[PDB]
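In this analysis, Cβ positions are derived from the backbone assuming ideal geometry, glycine residues included, and neighbour counts consider all displayed protein chains. Nothing in this text is a laboratory measurement; each read-out follows from the coordinates by a stated rule.
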There are 2 protein chains.
Amino acid sequence: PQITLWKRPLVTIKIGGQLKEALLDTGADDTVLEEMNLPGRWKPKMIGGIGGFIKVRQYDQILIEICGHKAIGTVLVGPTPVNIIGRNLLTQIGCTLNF
Amino acid sequence: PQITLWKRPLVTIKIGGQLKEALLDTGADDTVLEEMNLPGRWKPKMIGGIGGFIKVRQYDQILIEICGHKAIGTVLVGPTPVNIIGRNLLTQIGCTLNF
Ligand SMILES: COc1ccc(S(=O)(=O)N(CC(C)C)C[C@@H](O)[C@H](Cc2ccccc2)NC(=O)O[C@H]2CO[C@H]3OCC[C@H]32)cc1
């Protein structure tokens, strides 16, 4: 599909058995999801943007389905105000910017 | 052009007659640029990111050319970690997401 940018590019994702709304974010190197209790091992990480840094938990090789497109990669979990699909997963679903 | 996302979507912009590098950021509602001198009037505003809120100077109806495409709109100037081009300008140059 083609998504215009009049409104936030929110799409439905499936992760850890749950459906959520997430932002297709070309400005995000990594995928950052709102706080959730995923199983498995993780490593602490700090990511920074406008306003400063937040502490997140890095999970690797997590399966995510984005608009019926399957993907698997690193997912960060922490106190983000929004679910953010970053470039590490956008590349896997064949997402491009066009103008 | 069609821009893949295996690298940061960085492009050259022109604003106030000066060239800069900026990030095409579909996850940003607004355009926020690093500290710079801009002619014209401005008003103080606050914007929130993943790490909290920052003070910025809002410039309205500013001419800005993005990868050869012209836009005229609001530009926020403040302590952002990166020059980001947000949806308010991405729409003006006809930018869409596609997968
Ligand atoms: C390492 O992996 C990372 C992944 C994501 C980020 S980030 O979130 O700080 N950022 C980065 C951008 C500011 C360069 C992505 C931007 O698209 C980021 C995503 C976001 C965070 C909080 C609330 C809404 C939207 N958007 C953002 O900061 O936009 C600003 C400017 O316009 C406003 O709309 C959204 C919030 C305001 C940082 C690191």
Cβ neighbours within 10 Å from other chains - mean over A:16-29: 3
Built amide H within the under 5 Å cut-off of B:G27, gap 5+: A:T26, A:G27
³J(HN,Hα), Karplus 6.51/-1.76/1.60, whole Hz, each residue of the range B:32-42, x for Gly, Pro: 10, 10, 4, 3, 7, 8, 10, x, x, 7, 8
Cβ-vector label at 7 Å, A:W42, separations to other copies in nm: 3.8
Interchain or long-range residues, amide H under 5 Å from B:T74's placed H: B:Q61, B:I62
Karplus (6.51, -1.76, 1.60) ³J(HN,Hα), θ = phi - 60°, over the range B:14-25, in Hz, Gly and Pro reported as x: 10, 8, x, x, 10, 8, 9, 9, 9, 9, 6, 10
Percentage, to the nearest whole number, of Cα pairs in chain B over 23 Å apart: 20
Shape box of the range B:6-52 [Cα atoms, principal axes, largest first, Å]: 38, 29, 15
Label point 7 Å beyond Cα along the C-beta direction, distances from A:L19 to other copies (nm, shortest first): 4.9
Taking the range A:27-92 and dividing mean pair separation by its residue count, relative contact order in percent (alpha carbons under 8 Å, at least six apart): 46
Euclidean distance between Cα centres, the range B:46-75 to the range B:3-44, Å: 7
The range A:77-83 - phi-based ³J(HN,Hα) in whole Hz, Karplus 6.51/-1.76/1.60, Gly and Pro as x: 10, x, x, 8, x, 8, 6
Distance in nm between pseudo-label sites at B:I72 and B:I3 (7 Å out along the Cβ direction from Cα): 2.3
Within the range A:24-57: backbone nitrogen closer than 13 Å to the A:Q18 label point (7 Å, Cα to C-beta): A:33-39
Per-residue average of Cβ from other chains inside 10 Å of B:82-91: 3
Cleavage-rule hits (trypsin sites (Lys or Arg not before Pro)) in the range A:26-58: DSSP loop, at most 12 neighbouring Cβ within 10 angstrom: A:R41
Spatially close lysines, pair count over chain A: Cα under 15 Å, gap of eight or more or interchain: 4
Mean Cβ count within 10 Å, highest first, over the residues of peptides B:8-16, B:78-86, B:26-34: B:26-34, B:78-86, B:8-16
Rounded to 5, the percent of DSSP beta bridges in the range A:22-83 classed as antiparallel: 85
Nitroxide proxy distance, nm - points 7 Å out along Cα→Cβ at A:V82 and A:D60: 3.0
